Structures are given as C-alpha cells and as structure tokens.
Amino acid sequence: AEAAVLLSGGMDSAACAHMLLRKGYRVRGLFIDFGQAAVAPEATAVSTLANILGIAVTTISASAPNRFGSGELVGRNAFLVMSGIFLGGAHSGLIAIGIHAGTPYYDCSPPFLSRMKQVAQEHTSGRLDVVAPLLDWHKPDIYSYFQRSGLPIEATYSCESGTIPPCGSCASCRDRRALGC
C-alpha cells in the first residue's frame, strides 16, 4: 500500500510516517506552505526528518491575503487533506494526518476524521482513505512513541508562532513544556 503523510515538522506526523514505514508501506511526504508564521522552521524540520526517514516530500504552496498566526485557523486540516489529494496526487492508498486527542480543535476530533474519510472515499470509490493513527492518543503517548522511533527531537519544531526560540505560550509550546521537551 502507498501512504502519503502530511508532515508539519512536529513529533506527531513524524511518528505517523515512522509507523507507516514500519508497517512496510511505500511512504512519501507532503508539506503545505500556506503562509503560516512557522513555515520556515517547519519546512526545515520536515526536510531533516524526511531525509532521515528516507522519504521524498512534495511541497505544495498556497497564498492569499491573510495574517496567519498562532491558534486555530478555520478549515486548516480539511484544507491540508484536500491539498494532498488535489495538488499532491494522493488519489489512491492512504493519506495520513497526525491529529490527536486533547486539543480544542474540531478538526482534530473523531467526527472530523469520519467526515474526511467519507470525502476521500467517495471521491475515489474507496481507493483512497484518510488515516490518523494517533487520533485517540494524547501528547505523552506520542512522545513515548517518538522516543522509540530513533528520530531526533532537536530536529522537530512545533511552535505555531514561528519564532526561534519558540514563543513558549502557544498551545504546542505548552505541550513541550509539560513534557520537558
């Protein structure tokens, strides 16, 4: 089976790509540059993690008048999935997104996944399916798996503000702080 992984540079999507590779699937990555504030550190993290995993990454660009910062961006994850399908050529097999539990975002919830699954399946007569293996996990579980993955934590980046050093107050930075990461 073929698997396209939406990669953001954080531990979650890296753990997904490691799992799919460990299952024996043919894995490739997808990074979306939509003008997010953290596009530069996220892209660097994705390039490094993909080079370690030995997978190629297709970069999809999108631009519109916006001031994307931290916090919820309405429609983001459903746009990342549809970008992977329409622009990333993920028309068969699996497309993976590293959403998990504990967030305040609807598009990280099980109802979001069930709808995205239906959308992808119905557009491909079922030949494509959306998968999110960490759907019911919380960040400490993901951190445990990432420590078993062999991937370097120093190469990951998750701050939604895009600043180096990380801002420390966005939801993802406070995830790292609560994990000593």
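In this text, residue numbers run from 1 along the sequence as written.
Judged by mean Cα B factor in the deposited record, 66-74 ranks above the other of 66-74 and 25-33.
Looking at mean Cα B-factors across 50-58 and 114-122, the upper value is held by 50-58. Residue-level inspection of the entry shows that, of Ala43, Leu134, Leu128, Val131, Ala43 has the top Cα B-factor. Ranked by C-alpha B-factor against the other modelled residues of its chain, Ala178 falls in the highest third. Sort the chain's modelled residues by C-alpha temperature factor and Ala3 lands in the middle third, per the entry.
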